[PDB]
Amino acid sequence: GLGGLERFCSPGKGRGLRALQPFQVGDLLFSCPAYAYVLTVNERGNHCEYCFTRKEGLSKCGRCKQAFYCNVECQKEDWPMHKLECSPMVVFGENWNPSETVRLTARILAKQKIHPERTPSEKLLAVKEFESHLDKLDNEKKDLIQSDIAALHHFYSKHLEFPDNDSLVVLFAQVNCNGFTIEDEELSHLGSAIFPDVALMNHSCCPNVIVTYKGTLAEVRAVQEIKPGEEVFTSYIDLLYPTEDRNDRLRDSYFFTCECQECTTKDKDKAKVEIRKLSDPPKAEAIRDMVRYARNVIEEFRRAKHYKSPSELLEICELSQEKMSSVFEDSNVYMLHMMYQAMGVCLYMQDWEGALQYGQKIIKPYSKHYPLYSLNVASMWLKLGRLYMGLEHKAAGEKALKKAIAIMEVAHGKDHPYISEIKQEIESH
């Protein structure tokens, strides 16, 4: 297996990962090559399909012209997976639209056909042994998987031989439960992957490790001191939100209620939903009314993001902030949510001044709501620093970039390519 670690039965949590030796903050516990992975459609042309390296002048696949590579070696190594989509993409044309989950599951089935035996990705936990929670799925979740199965059949019939429907339901459920999203240094979505040994770790809202990525290789580093006998915990979710929001997501997606110290004490809940100190204090009903409103506009914006124009999306963020500000302070996480969304729209519009203003309001509340070594905090420092440098605010840029580096050295390792890249940006402008 993995030296210094062991799989064990964690009471109430199924299987888990336990330390057999001590690990200090910043230590690498283990690394795990991707069992299967896929580059997200929006990042094609910026990243190599095989190894995920970002660079300019990638070689384009001459057949489909929609997959880019470092060189012919990366291209040849990616062929067993790319051929599932190369020709279908041109033949289906505009009508080719399998969801990312379908794309990943197709590559899982292809990997199983080629490499049926245990891989180096599965030293402690195999894909076949993944938890499915099939008995807990409701009809709406089962009907969505069955829709995914139909898409899998529609788009991948010529390259894949399918198991029976029951096996496909289980596999999709296992993917929903154990799959990982890969993000770049700015926490932008890069793709999806299966990391079997990383999937073994249970969840905590005060985790003692963080998962980062070196291309398609997952790495796991301590962000708290870990002693022999202690369970290794990662976070499955965005830790910005209060306990009821976190446990709503964990129950819905992973079918458990978290009992970590943060969930048990709820010690950060009050700061996360901070209320303005008005002459007449807002009543509990009014607070719960604004929280309900906030959750609704968050959902409305998530839908609107697919079709509305950038200026229209900014309008939603502006109006929602105005209404919430009558009750919520700026450090309130529902305010911060819409500010972050507005920043995203500004970054896409290349409105650097607009994005900088939002970043400056977000970073200090982020620092206190998130844990000590949060990737959400590091990436916000990084966005600020790059905005500053781009706008020729060299001194503020350097300060922000160094703040990002200080965190990433712990989470990513001092020798990570991301840290080398960021140091160039300090000594370029």
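From 1 onward, residues are counted along the sequence shown. Only the largest set of C-alpha atoms that superpose within 1.5 Å between the two forms is called the rigid core.
Subject >> 212-220 against 288-296 - segment lying farther from this form in 6 other deposited structures of this protein (CA RMS, rigid core fit) >> reply: It is 288-296 whose C-alphas lie farther from the shown form in 6 other deposited structures of this protein.
**OP:** State which stretch is farther from the displayed form on average in 6 other deposited structures of this protein, 159-167 or 98-106, counting RMS CA distance after fitting on the rigid core.
**Re:** Once the cores are fitted, 159-167 deviates more in 6 other deposited structures of this protein.
Subject >> Selected stretch [higher average CA B-factor]: 281-289 or 147-155 >> reply: It is 281-289.
Subject >> Higher-scoring stretch by recorded Cα B factor average, 158-166 or 175-183 >> reply: Result: 158-166.
Original post:
Looking at 63, 402, 393, 383, which has the biggest Cα B factor in the entry?
Top reply: That would be 63.
Original post:
What's the residue among 69, 388, 37, 366 with the greatest CA temperature factor in the PDB record?
Top reply: Among 69, 388, 37, 366, the PDB entry lists the largest C-alpha B-factor for 69.
**OP:** Grab the CA temperature factor for residue 360 from the record and place it in the lowest, middle or highest third of its chain.
**Re:** Lowest third.
**OP:** Compare the C-alpha B factor of residue 216 with those of the other modelled residues in its chain, then answer lowest, middle or highest third.
**Re:** It falls in the middle third of the chain.
Original post:
Which third of the chain holds residue 261 when residues are ordered by C-alpha B factor: lowest, middle or highest?
Top reply: According to the entry, residue 261 has a C-alpha B-factor in the chain's middle third.
**OP:** Relative to the other modelled residues of the same chain, rank the CA B-factor of residue 18 and answer lowest, middle or highest third.
**Re:** As the PDB entry reports it, the C-alpha B-factor of residue 18 lands in the middle third of its chain.
Original post:
Taking the entry's C-alpha B-factors for this chain, is residue 245 in the lowest, middle or highest third?
Top reply: Its C-alpha B-factor belongs to the lowest third of this chain's values.
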